[PDB]
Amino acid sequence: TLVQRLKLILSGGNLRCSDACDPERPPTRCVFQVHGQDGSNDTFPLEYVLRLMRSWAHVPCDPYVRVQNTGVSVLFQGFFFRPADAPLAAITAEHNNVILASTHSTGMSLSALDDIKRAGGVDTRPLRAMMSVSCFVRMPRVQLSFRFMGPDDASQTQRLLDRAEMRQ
C-alpha cells in the first residue's frame, strides 16, 4: 500500500523499489528498500516520504530513513521509528554533504530534520521548502547532499493547498 505510493513518488526518477503496514500499530522493522545502481544521479524526496509516514500513522511516531553504501548500490531503508544506534547526519541546511565509504551509512529522522530546518531559518509552511537527498554513485563511494528544495512556482503550490483545504 505505502510501496504503491512510494513507487509513484519515485516514478519520475530511476530508483528501484522493493515490494503490509497497520496504521494503528506501526512496525519497528524496515518498511521499504529503495535501490540506486552505479552511475546514477537520481534525487530522493526525504522530507516528503518522512512526512507521508507521519500522516500514515495514527499513533505518535518519529519516521526515519537510513542511507547506506552496499558497495555496489545506494540503499534507502524506511522506518516509522529510528532504531537504537541508527546514524543521523550532523549536517546543517548550508553544509549538507555526506560522503559514504563502502559498508558505511548515515540517516535522517523527521525530528532531527525539523531541528535542522528551524536552525537554518528555513520556511516551515507546507511544501514551500522540502529536504531532498541528491545522490551520486561514484564507486567505491556514495556521495550524498541533504539539500532543501522549493517549488519553481509558489503560487501553484499555495493554490494546491487551497484545493486540499476545500476538501475538508
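From 1 onward, residues are counted along the sequence shown.
Chemist: Can you say how many deposited residues have no coordinates in the span between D19 and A20, choosing none, 1 to 3, 4 to 9, or 10 or more?
Modeler: Missing residues, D19 to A20: 1 to 3.
Chemist: As stated in the PDB record, which stretch has the larger average Cα B-factor, 141 to 149 or 154 to 162?
Modeler: Between 141 to 149 and 154 to 162, it is 154 to 162.
Chemist: Please work out which of 22 to 30 and 65 to 73 has the higher mean CA B-factor as recorded in the PDB entry.
Modeler: Higher mean C-alpha B-factor in the PDB entry: 22 to 30.
Chemist: I'd like to know which of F44, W56, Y48, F136 has the highest C-alpha temperature factor in the PDB entry.
Modeler: Max CA B-factor in the entry, restricted to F44, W56, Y48, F136: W56.
Chemist: Among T124, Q37, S132, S102, where is the Cα temperature factor highest, going by the PDB entry?
Modeler: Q37 has the highest C-alpha B-factor of those listed.
Chemist: Determine, from the deposited record, the chain-internal third of the Cα B-factor for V98: lowest, middle or highest.
Modeler: CA B-factor rank for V98: lowest third.
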